[PDB]
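Chemist: Pasting a structure below so you can have a look.
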Amino acid sequence: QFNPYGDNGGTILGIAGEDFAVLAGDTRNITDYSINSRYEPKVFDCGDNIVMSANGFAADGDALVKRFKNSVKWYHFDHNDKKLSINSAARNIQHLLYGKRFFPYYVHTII
Amino acid sequence: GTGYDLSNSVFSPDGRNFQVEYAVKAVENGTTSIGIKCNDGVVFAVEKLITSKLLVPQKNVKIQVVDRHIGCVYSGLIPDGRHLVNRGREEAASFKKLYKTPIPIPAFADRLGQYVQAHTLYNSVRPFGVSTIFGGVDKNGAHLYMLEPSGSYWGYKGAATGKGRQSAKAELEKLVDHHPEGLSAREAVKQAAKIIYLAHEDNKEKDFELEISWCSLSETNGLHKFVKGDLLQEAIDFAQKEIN
Amino acid sequence: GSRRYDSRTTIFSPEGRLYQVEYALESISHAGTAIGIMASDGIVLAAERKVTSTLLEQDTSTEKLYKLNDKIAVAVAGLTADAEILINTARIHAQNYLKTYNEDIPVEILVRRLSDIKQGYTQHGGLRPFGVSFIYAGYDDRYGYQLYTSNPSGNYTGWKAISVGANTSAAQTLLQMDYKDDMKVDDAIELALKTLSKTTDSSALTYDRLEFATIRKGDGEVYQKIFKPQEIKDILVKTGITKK
Amino acid sequence: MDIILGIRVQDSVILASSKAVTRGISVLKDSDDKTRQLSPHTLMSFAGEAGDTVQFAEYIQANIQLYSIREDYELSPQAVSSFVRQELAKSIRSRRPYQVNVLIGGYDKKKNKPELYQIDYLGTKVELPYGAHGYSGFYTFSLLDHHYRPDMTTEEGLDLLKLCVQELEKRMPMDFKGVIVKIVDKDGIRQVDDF
Amino acid sequence: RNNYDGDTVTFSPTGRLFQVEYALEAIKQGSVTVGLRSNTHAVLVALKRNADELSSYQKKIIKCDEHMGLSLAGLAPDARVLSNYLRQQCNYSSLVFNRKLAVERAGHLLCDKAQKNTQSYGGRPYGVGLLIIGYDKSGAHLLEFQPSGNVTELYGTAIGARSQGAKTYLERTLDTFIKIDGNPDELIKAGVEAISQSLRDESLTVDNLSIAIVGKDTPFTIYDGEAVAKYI
Amino acid sequence: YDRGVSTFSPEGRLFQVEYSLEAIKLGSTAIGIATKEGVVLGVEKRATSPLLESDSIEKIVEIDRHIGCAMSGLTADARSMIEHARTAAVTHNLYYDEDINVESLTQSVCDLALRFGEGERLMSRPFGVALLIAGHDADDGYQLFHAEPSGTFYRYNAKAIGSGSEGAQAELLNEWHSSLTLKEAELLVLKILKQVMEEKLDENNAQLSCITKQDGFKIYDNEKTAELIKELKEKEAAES
Amino acid sequence: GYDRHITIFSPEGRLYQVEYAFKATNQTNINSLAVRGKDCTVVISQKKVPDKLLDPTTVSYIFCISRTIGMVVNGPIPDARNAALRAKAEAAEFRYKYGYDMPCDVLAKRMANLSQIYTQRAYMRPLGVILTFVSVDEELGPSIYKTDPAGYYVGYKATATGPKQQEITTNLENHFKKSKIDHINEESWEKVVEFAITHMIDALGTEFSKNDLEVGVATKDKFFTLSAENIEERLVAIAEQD
Amino acid sequence: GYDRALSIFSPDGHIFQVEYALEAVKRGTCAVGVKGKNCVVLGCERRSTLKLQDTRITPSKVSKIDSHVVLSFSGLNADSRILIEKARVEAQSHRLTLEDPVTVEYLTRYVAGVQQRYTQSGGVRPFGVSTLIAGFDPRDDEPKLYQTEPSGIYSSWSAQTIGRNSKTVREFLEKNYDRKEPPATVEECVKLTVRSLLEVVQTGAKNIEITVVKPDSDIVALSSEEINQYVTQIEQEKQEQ
Amino acid sequence: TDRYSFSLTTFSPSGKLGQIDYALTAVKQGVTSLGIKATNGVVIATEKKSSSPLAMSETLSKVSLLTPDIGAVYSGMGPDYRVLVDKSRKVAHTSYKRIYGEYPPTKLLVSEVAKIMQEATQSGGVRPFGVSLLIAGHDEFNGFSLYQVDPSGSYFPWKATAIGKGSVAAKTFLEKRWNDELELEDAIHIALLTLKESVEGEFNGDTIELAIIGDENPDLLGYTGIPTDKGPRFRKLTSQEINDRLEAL
Ligand SMILES: [Mg+2]
């Protein structure tokens, strides 16, 4: 039987300050007990001053990050380049995730 | 009765489809494009009307490539030619996928012909407003074909369509009579340049830009390549020297 | 395209009439006359065969009267084939109601379903309507004996006595003259035969030129009888329309 | 789990439905009415899987009321039971079948007769003098087999139902929090105040 | 009068497609917009039309990707549809191939999308002309798109009412503006002079002017309002 | 019937679009004025009989709490557009936890306008109704858009549609200034309505509403409109 | 009015589009005939190549449908190739579904049913072609079956199609009246080809070179088309014939 | 399959099919609706030559949509049947999903939306039907009377007529209906409605139907004898001249 | 791209269905074909008008077997009749034999063919069939029967009738020559006499097509061993039998 999921390790961490926020992630990508890459970044700038990271299954995380970047691109397209607020991005990501409620993204997400 | 020419796929009392002939009229009003079958390949040439000097030269390409061995040029409504070339590319792709070998020129010709002819069976679609000269080299050698808006296609030693199709055809005919042994690839390229320059007289009001491609078994290894660079200038010089 | 040949069958006239419905009613006006009469203890359907000949077998012929179930019959006026299509759908709907509720379908429900089927063709689909008028004679526990009519528009109405087809004005005048509420089924048979003999287009009214049916209560059940040619001849000689 | 009981006497039908709704180890409700009035003289009690029951019952009620408004005529209890049996027999072979068992009690005004039907989630319909759905049957049937008379009055039927409910409260292992009792007769459907 | 202008599936006896010609005429009645390019940049200038003095000068420049955009003349809805198609094609290229869509390929795709409407019964050709600017791996590019399907690469052109004035202006100024490499302001000024050459009884203001620039080290940007004030 | 719904005129226009505009010209008058203190929308109710209860003449609808709409023409065709706009606004709020931009709402509405022809299933004809979409968002403030069945939409400081719209536009051109206040806008809308109305303007045949950043979109009841009418009568009476 | 443009009935009960398709069949001004031998079937057709720029080898109106069935078409070459592709597809599908090669008459009936469909449905125009199928069926012997745009199909002892059709028809009738048999009593197919060419030059009244004819021969379990050199051989043997 | 645009615009800005449907409504039997102080009366004209027609089984012009809401019409009866079926199904659906019966305004809006969709869809013609929808909202005693046209327009009315000679009856109602003093008793409303009908009927009670709607789902159609009582009272008050 | 989703057969203001009347016109111009019912069988005959004498007559089969007890002949457009015969043979299996194990009775098969034709007179983008059929059949519970089916989809049962050009003349003949005591051989004789008047050309077995629905033919069954499996009642007469019956006139 084919298992459509995998674990690629890693760890991310976000902390909010008074007028700043930080999103950090380790640059290690692994499979089982092998190191796939010692530098494979998983925290990404998505524009509109929003950083995002989906950690867990590297394929699902890359797919989710791509979909959210495309979502911000088309949000600019459809709303006169309106800045995507952090809460608007969070809600749009809730809908992106729940779209696969029955084939989930095996990732924990932090923006 | 009357009114037979208003709808497509309607037979007139003389057995004609007038919409197809109107498409042919639209074809004849297009720029000149020719094809020459030589001993081991084919050459295609086309006149590009430089409406103004704001047009970027060497761009706005008209000759299209199907697979890696088929060359197609057309006279008439350029968008219909692009549509037909896209359909032919899909046909060649499916043929390669199923039968592994690249599609032979007669097979590709019949694909295009069936498509164009099907576009003359229903009043819900418009006939194709292009004439197409295509061909290339397959396992059986070199093949040149011309396909009309009716879906009728034939194999040609040389073909021409567009405004200057008359003179060009005549010139082409002389070629067939002058060398029954055949032309070489570069000779056919230079001759196509000359023939395009000669057929430009029927469109002498606007300036023109020559465009030549070829598919030769020895010169291009069976692949379809645009004649560019030094060979293009050599053919242009041969044509210009032939005019004066 | 193809819209030029579209007759646009479901459009309104500037007076608010459906062209095809009116023309189909005009068609039905030339069909053989059919009469239904609802007596106090039965219902009678009579109809004239427009198609008649010396070589036409009548024993195996059913042109105007049809069984829908065991308690409902129809007299048809117009295109017999459209009538058969509608009759098949009506029989199927009656059996559907039976399978669903384990009860015989009330006559008005069947009439309304068939009339809705007719109306659908007059509002969408771009098809011609059904050139058929129906006279439904039925029995149910809720309303007793019931007599309905439905024309190509999808409209249906209930009558004590009614006629469809040819010479509806004359037949309706005669029925309005000679109909009384307390009459019995035999009196209704007599009145139907008399009206058909007075409004027929033929010389005399013969047995081979008629179809006859009676839905009556004779034993605690209702019996549906489609008259055979001999029964028609007998009932004709009994009311004094024929001899022998 | 749920108790669905029905006794058809001489002049009426009586339906008893357990009041308890339980999910997990919690009795969420103790006053639930497991019946829907399909028509002024036709009532239906139901039991089975959560959600399926009320969904199916209200769907049936919608269709019956639509019929009544369309024809200005009240369907007989037999026709209503046939419609419900067709619906269940179609559902049993669909993607997600309705897991509902129903009792249908009506007073046919034409026959002037009480009718009681029992239908299960498969589409198995029977007309019975007394019916019961689920494990409650295993106690009630025999009891009625001994005490039921066809000529009983509605008060006698109510005493008989009291006997049945007492037996279920005594021997059944689940607390169904009493029963709601309803009577369907020529005058319509009423609910017994206290039982 | 003419029985050959009923639809796009009817050829005239001359061989013409009158519905396509009426789409072209819908362009010619549209407002004027000009485009030009050098070897490092490409500019679109757009005189946005207003319904009246209380109206807003309608949006005439649409961005398709960080490296490509267009200006329109004609039916704004059809330009919305075609621009959305172009955005989706650029998006498909970027997502599936990690590749910026070449301007030539975008022109080919628009040509095919437009031809699909000139050969089928039901529906019409698009009543818009589009000027497409873009900087890609091949340099700067300007494309003219017509409802006929013909897409052509140019150094400069203009479409809309009285566009021949700007067209001849660029024909004379070709050798001038082609060689302005690395100075976007001069390209914008040349384009503004061109679009002024195609206006009669009018004058460019802040409200009726739209500029768009894309080129080397310059993402596709639109200047509206006071941003164009520097160009009168 | 001798053409097609998506057929071009020799001058480059869509026949059905122009015909729908001509049909809109026959509708009730609807005027909108956009200020810096809000936007005002007024409509002529136009009763066809004294028995018709003028309260049930809904020509001003709420798209969202911050966006209102006024219709003119075949108001029956508007209903579907109103539903599309309401669902679009609520769906944008659902996906993004924010109010939809007024231009975005108008653009989604106009997406329907040219969604007609013979197809893949579309409407048979364009809409026979024009819309004045007034609203407020934080990006462009107060906005008033005119949405045509041609799929095009414009923004206006003030705009009049319907029967007496032509002559109304000129009047707006005379009386609109950038520093216009909300009360002046209400009074001006009532004035132009009374001028273009075929009967004496009162609260029963004229409806007023506004969009303010503070209180959202509110339709004025009959009493507020009647008081505004009395105030307009007083202001105009003291002029020569 | 419009009853002349789509395949519906005129008030005289005629389908004018079908008649105009029959008219379109003669657009090519090419004649053909087909004859049956003792154990073979020959089709002769005219090969008219007007343009000198044409590749003569690709100018053909004879098609190899299957390994046993050949088809010669009188009509425009687009509709000819349409019908040829459909017939090849139908023959392959028949062999696949029923395990034996499609009989000539069955393929003729199939194409005739498709033609009838075109004459009854208004969305599709009739094909302006007359199809003559030749084969040596394992159950019927040498077989010639012709189908027309009207949907008719019929077998022939011999046949001819084209502008001079009637003349060739009469010639063949007369020969078969003289010989009193329904075929050519010759064992070799070359002689049957010779007979067909002889009678075609007699009916048309013009001589033929090797580049003016197209010859298709069907023998048991084979259908082929003669080359220009083999046609020239037949012409040489005819010239020597008295 | 058939998607031909039948309802299209004319150069003068008209949808000719909708207006022709209105014409079809103009030739139908007359229907009247009058709002009382606490009731709604719907009157209808029957076609003549009913001497052999069976009034027992024939469908009446006033059809019940729900226990509390009724609908009458003018135009083609078959289209009205289709609309009534849709309306009854939607009323049951609204009961099922909202746990509250339809309001007269919501049912009216649904019917008008169906009619509009039929005037905007390809391959279909508009309904040759205009409707009067009357009743009382659930747990409300304020009468509601709405009218819908083939175009999809709907509006409330204190009283309104549709059908043949509806201009005459509408003028009569405009003359004799005072909004300040609506008919207080049910009797006054039924009398006003039967007078409005008699203005055009010119026959008698035999071609007049009257259905009264009172709150809490009380709906009753008067038999021919009560209609004859009203007609005889009207003619007696007519005789004085 | 089938955009013809509308009726091509509509009511004219006079009430006529124009395409149906024109199809009847096409039928009336067809070669005469007749049918005669006897007490022990039915006979159906027609003329095999061949355009060229080079055409093989056996291929021009105008009488076609539908079921082992039901055959058909026509007047009108050959190809319409051919596709109708194919549809009828198919529906005899799909709609009856595969459901009840027995072939359909004559009336049911005739009504199915009639339904096909009526659909052809109302469906979108189609003309009516340009043929009229005479279907002769035998079933166990109705005996022998002869039906006529028109382009309109209407079918009628005939003791005997004819359709085509000489129809009127033939019917007069049949009317004055038919009686309910007729024999199958006498019916064949009357059919030959009636066709002899409607045909201008040669009159032999090769120029006429004639078939019968008579007794069962066990020799035509193909297998023996099932006493209940009766032979087929439809039998097409050979040219030799037709000539043998012609020589004694
Ligand atoms: Mg056709």
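In chain C, numbers come from Swiss-Prot; the residues present are 2-219, 222-247, in order.
Looks like X-ray crystallography, 3.0 Å, at least that's what the header says.
Quick reminder: no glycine exception, Cβ is built from N, Cα and C everywhere.
Relevant sequence annotations retrieved from Swiss-Prot are reproduced here:
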CROSSLNK  C:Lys100  ubiquitin cross-link
CROSSLNK  C:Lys199  ubiquitin cross-link
CROSSLNK  C:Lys231  ubiquitin cross-link
Chemist: Give the distance between the Cα atoms of C:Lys231 (ubiquitin cross-link) and C:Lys199 (ubiquitin cross-link), rounded to the nearest whole Å.
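Modeler: Given the Cα positions, C:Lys231 (ubiquitin cross-link) is 22 Å from C:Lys199 (ubiquitin cross-link).
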Chemist: What Cα-Cα separation, expressed in whole Å, is found between C:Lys100 (ubiquitin cross-link) and C:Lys199 (ubiquitin cross-link)?
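Modeler: Distance between the two Cα atoms comes out at 44 Å.
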Chemist: Through the lens of DSSP with three states only, how would you label C:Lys100 (ubiquitin cross-link)?
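Modeler: Helix, per DSSP.
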Chemist: Identify, in sequence order, the residues in the chain of C:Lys199 (ubiquitin cross-link) that are 6 or more apart from it along the sequence and have a CB within less than 8 Å of its CB; answer 'none' if there are none.
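Modeler: Listed in sequence order: C:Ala171, C:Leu175.
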Chemist: Which of these recorded sites has the least crowded Cβ, counting other Cβ atoms within 10 Å: C:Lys100, C:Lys231?
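Modeler: If we count Cβ atoms within 10 Å for the recorded sites C:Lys100, C:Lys231, the smallest count is at C:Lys100.
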Chemist: Using DSSP reduced to three states, classify C:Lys199 (ubiquitin cross-link) as helix, strand or coil.
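Modeler: Going by the DSSP assignment, C:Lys199 (ubiquitin cross-link) falls within a helical segment, counted as helix.
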Chemist: Tell me, by DSSP, whether C:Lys231 (ubiquitin cross-link) is helix, strand or coil?
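Modeler: It is coil.
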